[PDB]
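**Student:** As a preliminary step, the opening chains of the complex are given here in situ:
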Amino acid sequence: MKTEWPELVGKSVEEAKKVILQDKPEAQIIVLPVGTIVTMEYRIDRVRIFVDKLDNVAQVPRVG
Amino acid sequence: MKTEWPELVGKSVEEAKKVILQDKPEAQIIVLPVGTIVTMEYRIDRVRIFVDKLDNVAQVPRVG
Amino acid sequence: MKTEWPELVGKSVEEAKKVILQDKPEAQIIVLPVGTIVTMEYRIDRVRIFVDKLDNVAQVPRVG
């Protein structure tokens, strides 16, 4: 099962969403600033994308 | 009593509000950024929705 | 002496202000985001309202 998207570091939110949904059609994509504190439980259908000030992907997106 | 809405993860605030009010007509719906610190008491009529940068539901909304 | 306004959870800032001033004509109403850190002293004429992202009342307003 695909769980990580290193290839998306540096790319835009739009490009990330497109790629993640090709790979994971059920993905529930959540867009948060880097450094956001995240007390969450694990959701196998969720993919969190941490973005910079310019809404580029700053860290490897991972399922959960 | 309905207490959680896992089906709303990833959906918009508007869609969440609509669904929560169908299920819980008395709901007092509060919209906060993920990571907001929450020193609150329990209110059975309140539903907090934690949203991402795009005002999508990021975490399962729960009564309280 | 009226000290709390549970009836205002979920309502707008405008509606809250109107109700608080009917009940407490001398009120000095302060509007802050939920989670704001509050190292304050007690002021009997002040009412702090903690609001969500949509400027709705998120927590019971209390004198102080």
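**Tutor:** Nice, thanks for sending it over. Numbers count the residues shown, from 1 in each chain, chains lettered A, B, ... in the order given.

**Student:** What segments of chain A are helices?
**Tutor:** For chain A, the helices defined by DSSP state H occupy A:13-23.

**Student:** where's the closest residue to chain C within it relative to residue C:35, distance?
**Tutor:** For chain A, the residue closest to chain C is residue A:37, as judged by Cβ to the nearest Cβ, at 11.1 Å. (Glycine included, C-beta is placed from N, CA and C.) Distance of residue A:37 to residue C:35, computed by Cβ to Cβ, to the nearest Å: 11 Å.

**Student:** For chain A, what lies in contact range of chain B?
**Tutor:** Residues of chain A lying close to chain B by Cβ under 8 Å from any Cβ of the partner chain are A:28-33, A:36-41, A:43, A:45-46, A:48, A:51, A:55.

**Student:** Those in strands, which ones?
**Tutor:** A:28, A:29, A:30, A:31, A:32, A:33, A:46, A:48, A:51 (DSSP state E).

**Student:** ok, which pair from the residues you listed is furthest apart?
**Tutor:** Greatest spatial distance in those: A:28 and A:33, 18.2 Å, computed using Cβ to Cβ.

**Student:** Comparing residue A:37 and residue C:35, which shows the higher neighbour count?
**Tutor:** The residue with more neighbours, out of residue A:37 and residue C:35, is residue C:35; 17 against 10, by other Cβ atoms under 10 Å in any protein chain shown.

**Student:** here's chain D, add it to the model above:
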Amino acid sequence: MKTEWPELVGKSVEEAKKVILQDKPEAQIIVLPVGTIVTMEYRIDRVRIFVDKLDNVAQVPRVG
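**Tutor:** So, slotting chain D in with the rest:
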């Protein structure tokens, strides 16, 4: 020496500035959000005003 302005709680920044400068013509007035962390040294000519989301004075302004 005037050091505090309790009478300004709840008032606007503009009204606060006007009153503080009548009382303290040399005042260097600094406007910060409530909860801002303040590791400062003491300046006798400075007056910090802590304001709410609506740029109303939320706490008693004090010299320093």
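
**Student:** Chain neighbours aside, what residue packs nearest to the residue nearest the centre of chain A?
**Tutor:** Taking Cα atoms, centre = their mean as the criterion, residue A:49 is the residue nearest the geometric centre of chain A, at 2.7 Å. Of all residues not flanking residue A:49 in the chain, residue A:61 sits nearest, at 4.8 Å (Cβ to Cβ, 6 or more residues apart in numbering or on different chains).

**Student:** How about the contacts made by the one you found?
**Tutor:** Contacts for residue A:61 were tallied using Cβ atoms under 8 Å, 6 or more residues apart in numbering or on different chains; they are A:4, A:5, A:8, A:16, A:20, A:47, A:48, A:49, A:50.

**Student:** Is the first one bridged to anything, and to what?
**Tutor:** On DSSP bridges, the residues paired with residue A:4 through beta bridges are residue A:62.

**Student:** Near it, how many other residues are there?
**Tutor:** 11.

**Student:** That one contacts residue A:60, correct?
**Tutor:** Yes: with contacts counted by Cβ atoms under 8 Å, residue A:4 reaches residue A:60, the gap being 5.4 Å.

**Student:** sorry, back to before: can I get the contacts of residue A:61 in JSON lines including distance to residue C:12?
**Tutor:** Listed next are those as JSON lines, based on distance: Cβ to Cβ, whole Å:
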{"residue": "A:4", "distance to residue C:12": "43"}
{"residue": "A:5", "distance to residue C:12": "41"}
{"residue": "A:8", "distance to residue C:12": "40"}
{"residue": "A:16", "distance to residue C:12": "36"}
{"residue": "A:20", "distance to residue C:12": "37"}
{"residue": "A:47", "distance to residue C:12": "35"}
{"residue": "A:48", "distance to residue C:12": "31"}
{"residue": "A:49", "distance to residue C:12": "32"}
{"residue": "A:50", "distance to residue C:12": "33"}
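
**Student:** then add chain E to what we have above:
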Amino acid sequence: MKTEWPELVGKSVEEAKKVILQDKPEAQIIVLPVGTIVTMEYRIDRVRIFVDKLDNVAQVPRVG
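**Tutor:** To build on what is shown above, here is chain E added in:
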């Protein structure tokens, strides 16, 4: 060597920049909100200016 600018407390960013560059032509001027956390190393050509909500200088600018 000039290392501090107490005379700039309360002044605008534009006035501060002008004065700092007259005094220190090589200055690399960085503008940050008060309370920003600053884990930095020492740079002799840098001057950080901490500003309030109105982009006025809130604290004595210092080299480093």
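
**Student:** and the neighbour count of residue A:4, now that chain E is part of it?
**Tutor:** For residue A:4, the count of nearby residues is 11 (other Cβ under 10 Å).

**Student:** what sits against it?
**Tutor:** Counting by Cβ under 8 Å, 6+ apart, residue A:4 touches A:60, A:61, A:62, A:63.

**Student:** Among the residues you listed, which one has the most neighbours?
**Tutor:** Result: residue A:61 is most packed of those (other Cβ under 10 Å), 28 neighbours.

**Student:** List the residues that contact the residue of chain A most remote from its centre.
**Tutor:** The centre of chain A is farthest from one residue, residue A:39, which by Cα atoms, centre = their mean lies 16.3 Å away. Applying Cβ under 8 Å, 6+ apart to residue A:39 gives the contacts residue B:35.

**Student:** go on, residue A:54?
**Tutor:** Contacts here follow Cβ under 8 Å, 6+ apart; on that basis residue A:54 touches nothing.

**Student:** before we move on, the earlier item: the residue nearest to the centre of chain A pairs with what?
**Tutor:** Under the criterion used (DSSP bridges), residue A:49 bridges to residue A:31.

**Student:** if I pick it, what's in contact with it?
**Tutor:** A:8, A:13, A:16, A:17, A:20, A:29, A:30, A:31, A:32, A:57, A:61.

**Student:** Counting neighbours, which of those residues comes out on top?
**Tutor:** residue A:61 (28 neighbours).

**Student:** Good, we can wrap up now.
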